[PDB]
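In what follows, chains are A, B, ... by sequence order, proteins preceding strands, each numbered from 1. Just so it is clear, the values below take in all heavy atoms, side chains as well, and ignore hydrogens, waters and symmetry mates.
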Amino acid sequence: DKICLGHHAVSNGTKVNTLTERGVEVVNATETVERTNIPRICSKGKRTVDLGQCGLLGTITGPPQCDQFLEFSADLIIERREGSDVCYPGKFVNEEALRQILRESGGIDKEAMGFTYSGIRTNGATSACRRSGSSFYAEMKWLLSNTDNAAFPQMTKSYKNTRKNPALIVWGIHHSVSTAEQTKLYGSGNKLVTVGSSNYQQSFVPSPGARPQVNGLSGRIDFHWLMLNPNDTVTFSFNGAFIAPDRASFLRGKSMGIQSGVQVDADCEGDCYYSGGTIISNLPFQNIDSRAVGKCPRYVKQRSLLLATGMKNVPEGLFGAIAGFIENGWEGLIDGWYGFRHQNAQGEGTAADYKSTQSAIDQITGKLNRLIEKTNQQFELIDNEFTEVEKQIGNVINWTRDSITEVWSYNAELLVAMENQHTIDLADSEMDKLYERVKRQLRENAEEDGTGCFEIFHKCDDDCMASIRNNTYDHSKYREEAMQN
Amino acid sequence: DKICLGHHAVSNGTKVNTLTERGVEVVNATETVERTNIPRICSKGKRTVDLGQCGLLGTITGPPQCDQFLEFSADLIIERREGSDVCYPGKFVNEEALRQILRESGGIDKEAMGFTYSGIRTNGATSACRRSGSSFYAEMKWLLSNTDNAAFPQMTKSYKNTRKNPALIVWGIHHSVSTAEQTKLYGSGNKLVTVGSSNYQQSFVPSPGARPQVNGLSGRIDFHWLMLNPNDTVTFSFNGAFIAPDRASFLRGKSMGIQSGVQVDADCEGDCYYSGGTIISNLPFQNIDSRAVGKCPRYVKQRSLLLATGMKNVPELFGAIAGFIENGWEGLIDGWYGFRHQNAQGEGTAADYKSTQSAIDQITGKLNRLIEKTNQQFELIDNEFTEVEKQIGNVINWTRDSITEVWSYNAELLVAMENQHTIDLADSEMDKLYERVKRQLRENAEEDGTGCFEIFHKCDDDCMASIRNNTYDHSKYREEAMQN
Amino acid sequence: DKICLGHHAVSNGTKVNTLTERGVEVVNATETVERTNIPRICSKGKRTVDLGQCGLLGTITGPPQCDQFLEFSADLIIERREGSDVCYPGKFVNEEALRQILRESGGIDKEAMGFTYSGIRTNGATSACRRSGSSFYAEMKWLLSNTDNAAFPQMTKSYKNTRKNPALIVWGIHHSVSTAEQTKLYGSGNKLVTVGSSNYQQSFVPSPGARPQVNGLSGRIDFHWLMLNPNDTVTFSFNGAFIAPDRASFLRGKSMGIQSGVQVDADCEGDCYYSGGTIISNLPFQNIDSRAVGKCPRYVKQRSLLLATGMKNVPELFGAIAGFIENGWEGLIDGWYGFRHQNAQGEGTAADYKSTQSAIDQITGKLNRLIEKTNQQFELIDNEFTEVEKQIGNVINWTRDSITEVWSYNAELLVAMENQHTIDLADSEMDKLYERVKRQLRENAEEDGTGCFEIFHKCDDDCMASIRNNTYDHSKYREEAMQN
Ligand SMILES: *[C@@H]1O[C@H](CO)[C@@H](O)[C@H](O)[C@H]1NC(C)=O
Ligand SMILES: *[C@@H]1O[C@H](CO)[C@@H](O)[C@H](O)[C@H]1NC(C)=O
Ligand SMILES: *[C@@H]1O[C@H](CO)[C@@H](O)[C@H](O)[C@H]1NC(C)=O
Ligand SMILES: *[C@@H]1O[C@H](CO)[C@@H](O)[C@H](O)[C@H]1NC(C)=O
Ligand SMILES: *[C@@H]1O[C@H](CO)[C@@H](O)[C@H](O)[C@H]1NC(C)=O
């Protein structure tokens, strides 16, 4: 009569990596690196504004394509590649900083700045900024001389921020195609604009000259901006070539901005976005895109990092039981992880030990619950996919992102291998612990055969075997019949 | 007659986190994330100059509030929120870069540039820079036309650097409230400035215009600065609207610049500073301020990460602790592991010094390895008072948040891993003591299953003592014990 | 008659650091932090181009020292400290960004813009750019005026990028010594230069003024650059003080840019370069230069981190090594673990191949996993020769120091952890061998406590050999040994 101990096993198994070995077949494993993508912008539960053809900066100045976003409000702002910030040819200074400001703004709220004028024309328009006939930026005023070639009077206009949050102030310098046109619109003489506050202090002079035609015009209206603190006053002093602001902008609250090219899905929910869609995953790592934003798994270079969720698969190592003095595993033990297999006059019985199985299962389960977590830290865009940022700061950004990518790749690899080593050694420890427990139960009534079996030197029926398995065996009841050998 | 052996335990332990479980009670644990803060700037043994109402940049130009900091010398420079770089309204170009240059300069040393002026007037003053009545920047001079109008003659002034270290040259451009004021101060037509040294070059045209009233005045004097190399000659070609430099600045040595709002305490000593005070700690992590400077523990998001310094606590890997030994002994106060024998003379409970001192030395080794101090000093690249450019600020915040994530992860994983190996370590020591006793008794005792050894012969107190200090001889009792 | 289990040892081991102990002697160890460097630039099979006295930016403008590099092509670009971008005194705007663009460009390819001028001069030369006598930049034209004092007409020359890649458009602004010189060269009045396109706009103006002379000349010709997109059109509207471009530059492919001061060696091959030479190593870390570029081991502050490649050395966690086995056998030079038996035929000592090869395979796996090459190439964002802006330089230095801290911590923790698991691993193997012999002897032998087995029967040499190769039948001797 004998009672052997063993562990389960499967036919195929799954290879993993450890601290000492590469390609260890374990019974079960799960992936930690996300490779699956939702090719949509999951926007369920979030106020979403798809800008489309309106550029994010245009919402402050107001070209015809931005007429519906002049006072938008959203939790998720989507920039599109076909978006344009300007109707009249030009660009912004410190454009990317303002884009990053508006992505988190949660929307904008315009307020009249109270600029009245006397002695100049205030209805400059163009065929590029076309609404009905010929129009201009909805939030701006193209100030021209009162008549053709007349002298533009020296003016100075101020604005007080009576609110509790800073205001976004944008003005424009007009760059004519020639000095003759600048005199035609503003009169002869040098033109100068001065913008001053308590934190800002800059001056601007236009630059007449020929340029390649953009949208059909060779002039260039450029836009500049500042943040006016509460109770602070902004002052402009100008005598021509000045696009005056009409309404200031105030940030509503909180949001996040992404640049994408896939459709919006209001029935899907997500928190991690990139240009190709939404990354929905509980895994701690992802190998989709290093520039993902939101609450995302850490980007890593590796495509797959299998974490072992089971013992070493030994079909037909610190503690020497699994894949040790126990030659192989039991492919039929589908009842648990560790188990008993007895042979007596009734012969051949296989049961499972619930305590050790549930112990290893609880340990690996706690490990998975520790690794499968959420990073509540949100990251926003500092790069730009449609309009590349400056070369130097872009190289610094790329360098930093690559360094962090190296760090997280290392931490992910080392983490996976280490946890796999501890998993295998842990299951081994549980097998050896169960074996030691049975040896301690039988005491002097049985002997070890070296293969994990116990030679019981007395007669042990199915009730006696069941007495061994549930720790009700009393060695003194057999300490003489068994010890007669 | 039996001899048991076990481990110590306490009623109220300390819950820690491990690689495989959260809330494991251990006997003892220590904190690795610092939270206590000294509400003062510990500056003992350091030359400290509190700028107060004086701005760091003003020390180069010299407003009335910086007349005593014109040649300061310190190891720790402290910027205050009430500081101001100017008395006449204006601002510096590349102000933050110059601030970072002055923070680590160890002070400044001025030297007369030797500018003499024939013709033009050089005593321009204002009611914003008040000393005696109306004064100007002590290191600058306001050049004006000879009379109340007419012409300001074109002039060129050149300075040569006769030092071995670079010099700090700071000049100023004056922006009048209107064209009429510029014509009154310096003359009708265009005003032009030109600064040239090689590896530098620039021209400047003033921009008259109405600015908001700061200190009652609407003009704006904005300051520019270059760094002269040895033997390098700088030349200024101007004809008005030029704030001339009177003395150049030289960097003394090395210091550190912090921005705080708490008082200075020369009683305590510290090397890690921030706005709220001084972080004096030996712990490797801190959750006080992510922008701390100097030699600091690495900032982490977590506010508490308990490191286990004891075994698993079991009140009343290797399977001894919390395994076949059902529980621990709160009475065992002499050590971590011990014996408890039951014979004929009574009951005994002693402690084993080898295993206890072994585990204590091991966990002590972990402690010594973890509470390491980093000799890497980090400088200030942000500004709590005057916010930097939005783009470079977003990049700096982005990098700092990335590093914070890295160190938070490393701290969590380190704590959990060290706790796991600590519990497994103590368990291993218990198992090793048990196996040592088992091999020591040989065939004269048996295992009952709960960490005890039934001795099948009479074993008095001296026999138990022989078992404890490993002087027990099995052949002395083999003949009697074998019969059972 | 007894049979003992043991492990090897050496007289003088190597001390390493573990998670719980500093200075643990192990049998063998290997270095993980590289210090040795080849003091040459190993560019075997890379087509190098050593600029020498030519500056990297000059290859776009074409001073006399860059005449042979006007259309260079390479995979590794080496900048020297003696390199100069200019022959006439001047500099570049956004020079560092353009240098970084040219380092990874793989070379440049020039193409004639196709500019034709009328009524003006186009042969402006100088004695500083000395080819035959007085010359100028090969890729530039110095537009002047015919007589000593005429007037530069308002001109506008445009170019259209006809190729499917961006074009580098470098023009120049001339800054004269005085107003009289600028009027002598270009006429009189306010001179302006405008460069427009799709991603660009700007506004350039000269700056006449007194200036110290470099190379005997006080003028300053500065160069500004542009990146036209395919099908994009650039336009220049100028009226004087304009150094016109001649040919445009196109990036050939990809390359690497390093700054070094050592000779070039076409024999050795390397992928990691720094100012001192080439780092040829497979170790995961290096303490040579933190600014090394290419595919390098990660820089760390520590100079040496010894990885344990053997068991703990015990001369004369699982309790076997340095435990109930008192010491190791220096005479066991046949393997890691071995038997030492004593019977009647004499005294024997053999080695066990299973456990030895097992531990060797595990530690070999650790070495194969740690000794790994990083296929991530890092470019040059600093400048050892010219230096960059102070603010972006402080940000770059700050980020680099942070990453260096992270990799130093990870290196320390990695080495200590791997050493801990290695020692515990070999200990585990020894214990497993011991328990295998214990289970193998069944009831015919008894443990002695010091790692040996007292055999209670007569076991000759063939019986010992049967024990060593797992062919010992305990039933052969069970009746004989049971009687004792
Ligand atoms: C394998 O592990 C995964 C963990 O994600 C678990 O969901 C699955 O049920 C496991 N399979 C078996 C057969 O235990
Ligand atoms: C940074 O990398 C992206 C791709 O990851 C590339 O498009 C961009 O051009 C890089 N930045 C610079 C300045 O080249
Ligand atoms: C508990 O750990 C702390 C760690 O600082 C130590 O100071 C203290 O002495 C320990 N207490 C005991 C009873 O070991
Ligand atoms: C960076 O973070 C600090 C607080 O941590 C904040 O005061 C500052 O405004 C942030 N920078 C930017 C550009 O938003
Ligand atoms: C950055 O460090 C290098 C040395 O590693 C030094 O030469 C350089 O001056 C530093 N940068 C700044 C801006 O100080």
- [ ] Test the C:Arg439-A:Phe325 pair against the cation-pi criterion, namely NZ or CZ under 6.0 angstrom from the six-membered ring centroid and within 45° of the ring axis.
- [x] yes
Task: Under 4.5 Å from any heavy atom of chain A - which part of C:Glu443 - done: side chain
Open item on the list: Please classify the contact of C:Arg298 with chain A as side chain, backbone, both or neither, using a heavy-atom distance under 4.5 Å.
Closed with: side chain
TODO: Measure distances from C:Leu370 to the heavy atoms of chain A and classify the residue's part below 4.5 Å as side chain, backbone, both or neither.
DONE: neither
Open item on the list: Just checking A:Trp171 against A:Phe204, ring centres under 6.0 Å apart?
Closed with: yes
Task: A:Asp383/A:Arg401 salt bridge by N-O under 4.0 Å criterion - done: yes
Open item on the list: Quick check on A:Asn398 against chain C: is it the side chain, the backbone, both or neither that has a heavy atom closer than 4.5 Å?
Closed with: neither
TODO: Select all residues of residues 357-365 of chain C having any heavy atom within less than 4.5 Å of some heavy atom of chain A, and report them by number, or 'none'.
DONE: C:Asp361, C:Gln362, C:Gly365
TODO: Kindly check if the number of other-residue, nucleotide or ligand heavy atoms within 6.0 Å of CG (C:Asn231) is above 12?
DONE: no
Task: Contact class of C:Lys432 relative to chain A, heavy atoms under 4.5 angstrom - done: side chain
Task: Heavy-atom contact with chain A under 4.5 Å, split by part of C:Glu104 - done: side chain
TODO: Using a strict cut-off of less than 4.0 Å between a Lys/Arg side-chain nitrogen and an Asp/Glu carboxylate oxygen, indicate whether C:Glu429 and C:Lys354 qualify as a salt bridge.
DONE: no
Open item on the list: Can you tell me which portion of C:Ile403 sits under 4.5 Å from chain A's heavy atoms? Options are side chain, backbone, both or neither.
Closed with: side chain
- [ ] Give, as side chain, backbone, both or neither, the part of C:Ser158 having an atom under 4.5 angstrom from any heavy atom of chain A.
- [x] neither
Open item on the list: Does C:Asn190, at its CG atom, have more than 12 non-hydrogen atoms belonging to other residues, nucleotides or ligands within less than 6.0 Å?
Closed with: no
Task: Portion of C:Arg436 that has a non-hydrogen atom of chain A nearer than 4.5 angstrom - done: neither
Task: Under 4.5 Å from any heavy atom of chain A - which part of C:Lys438 - done: side chain
TODO: Please determine if A:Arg99 and A:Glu95 form a salt bridge, counting it only when a charged side-chain N lies under 4.0 Å from a carboxylate O.
DONE: yes
Open item on the list: Would you say that more than 12 heavy atoms from the other residues, nucleotides or ligands in this model lie under 6.0 Å from the CD of A:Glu181, or not?
Closed with: yes
Task: chain A contact via C:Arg478 - which portion, at a heavy-atom distance below 4.5 Å - done: side chain
Task: Which portion of A:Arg211 sits near chain C, non-hydrogen atoms under 4.5 angstrom - done: both
Task: Interface residues of residues 409-422 of chain C facing chain A - non-hydrogen atoms under 4.5 Å apart - done: C:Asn410, C:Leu414, C:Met417, C:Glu418, C:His421
